[PDB]
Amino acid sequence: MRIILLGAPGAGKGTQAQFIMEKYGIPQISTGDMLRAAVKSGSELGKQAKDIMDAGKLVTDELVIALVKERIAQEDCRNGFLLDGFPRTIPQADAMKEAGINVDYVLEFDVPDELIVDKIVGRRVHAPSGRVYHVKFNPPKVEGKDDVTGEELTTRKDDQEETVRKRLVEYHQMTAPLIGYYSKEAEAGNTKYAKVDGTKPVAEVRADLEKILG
């Protein structure tokens, strides 16, 4: 099975990745992982990608697509692949089509913005050790303090509410046309598309995916 799995930053689409990998015998692949790998390999695309990154420049859609095409030709994608978080824009989806990269299912892992925010801004960390807590889901033993040292917990700059909300605003303005793109592709019979309710318990989402995919 060839699957694209999309989802807003913080929604938790990753919670279903291992289920999909084990159901079908397929690797999880991502443009981030591809960039890091091809550089190691010394292949020509990797060298081109390394040059671009070393210059602090943007990886063009042309190069990303060539890396995707190369990645899915590798032996471990024989049964399919779980393409995580890509495409991100209609131009990238069109470049997939120009290159001949169709998939069987596009899954939109959907969690309302307010629930994403509530999840992230409740996080607490003991930064010297990377130990993590959450006011609502994994609270510490003494309020606001690290269990092990007793030092007062903090929050990551990455997790500030204004920063989370800005990231979601940007995500939806980019992704809304892409969702419509794949819905239309499904209407044409070129793929299947499903909006997945990520707010349910993990075990229920898993059951729902089993019905969506078969």
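Note that residue numbering follows the sequence shown and begins at 1.
Looking at mean Cα B-factors across 59 to 67 and 156 to 164, the upper value is held by 156 to 164. Of the two stretches examined, 194 to 202 and 20 to 28, the record assigns the greater average C-alpha temperature factor to 194 to 202. Of the residues listed, 176, 169, 35, 186, the entry assigns the biggest Cα temperature factor to 35. Per the PDB record, 122 has a higher Cα B-factor than any other of 122, 80, 85, 91. Residue 111: CA B factor lies in the middle third for its chain, per the PDB record.
Sort the chain's modelled residues by C-alpha temperature factor and residue 150 lands in the highest third, per the entry. Placement of the Cα temperature factor of residue 212 within the chain: highest third of the modelled residues, per the deposited record. Residue-level temperature factors show residue 42 in the highest third of its chain, judged at the C-alpha atom. Per the PDB record, residue ranking by Cα B-factor puts residue 102 in the lowest third of the chain.
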